[PDB]
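First comes one chain, alone, set out as structure tokens in the form solved without the ligand.
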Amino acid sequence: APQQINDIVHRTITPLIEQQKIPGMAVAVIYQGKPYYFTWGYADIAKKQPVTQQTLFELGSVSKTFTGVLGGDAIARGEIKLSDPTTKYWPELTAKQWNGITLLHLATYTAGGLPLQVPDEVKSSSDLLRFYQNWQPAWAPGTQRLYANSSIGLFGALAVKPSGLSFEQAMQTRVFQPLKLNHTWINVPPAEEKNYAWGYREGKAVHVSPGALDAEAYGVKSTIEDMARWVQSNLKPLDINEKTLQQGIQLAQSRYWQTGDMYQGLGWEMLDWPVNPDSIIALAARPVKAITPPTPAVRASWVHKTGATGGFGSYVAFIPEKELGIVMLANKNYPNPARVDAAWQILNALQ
């Protein structure tokens, strides 16, 4: 832990924890390709359990990066094509609004207005089909971006259909295991419960609730160590031995659409580096310009993903061209601006 990294990290995170009243936090900085860990506070306030490098945190929306890479891997395997109509994988989706909506639109939130959340009412596979059949797009496909769990969630569920594997089995065997993310789970096993941090919302300990397509959109839990490893894998995909996976990682970081200064990948979001911090709301509908054809992963990019659950807030960002990256996991959902400002403060300093 070079003193410079210790210094920038502690000087940035200590005040953050104090201002945001965060009970527990873990950070990993990947510098010149190697990880450095830092931990503060509590994983469980009541039982006085501290945050350690083995504490599991709910990644919330950061889970989408895993879904995007798993989708990229299925593409790489030839199991699906992003240009394929959604109906090719869900024939029961006969409603006419689906004509022209492809797996690319689902993966990138450009299907035409799918909702941020699947309604809680949807439980069964039957209610889900009914939800998508009855959904009425406000816009034609590929014209506007509206971040949506019901959009990338459907993408994740359909991308694994050809494999015959459940989404969780596919994720475990095709992404977690090959990358040695041995403490990353969609469902936390009883043996690992001792390490599962509690999230805190209004001072109350809470864990994420089950919901339709939760695994695919916001259901992964992981340790600061596994997330540092996930960041290393995304920083340098070429070191990954599994060909299809190496490929999927690259596909998830290609630039499919542009909205202002940001580009939409599969899961990951990117901005050209260098980026102004200030340049990095329940619903923000934004027109998008298609990148035809998609730009392959650009090394000079700030690649990132923010995510939260009712009780946790997380952020991951990295710059391929600098072999630099960071992961910040907390068991309190605090403002996104504060997460990005802290990450930029640290990475700019190490830049």
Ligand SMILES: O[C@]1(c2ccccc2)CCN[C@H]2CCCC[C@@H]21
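Numbers follow the displayed sequence, beginning with 1.
Omitted from view is the form deposited with the ligand bound, to which the following refers.
*Asks:* Thinking of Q4, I346 and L350 as the candidate spot, does the ligand come within 4.5 Å of a heavy atom on all of them in the deposited complex?
*Replies:* Contact check failed for every one of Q4, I346 and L350.
*Asks:* Within 4.5 Å of the ligand in the deposited complex, heavy atoms considered, which of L106, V175, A228, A74?
*Replies:* Selected option: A228.
*Asks:* Quick one: from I30, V316, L70, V51, grab the residue that has a heavy atom within 4.5 Å of the ligand in the deposited complex.
*Replies:* Only one listed residue qualifies here, and that residue is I30.
*Asks:* Determine whether any heavy atom of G41 comes within 4.5 Å of a heavy atom of the ligand in the deposited complex, and answer yes or no.
*Replies:* Residue-level check for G41: no, no contact with the ligand.
*Asks:* Can you name the residues of 232-246 that have a heavy atom within 4.5 Å of the ligand in the deposited complex?
*Replies:* Residues within 4.5 Å: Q232, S233.
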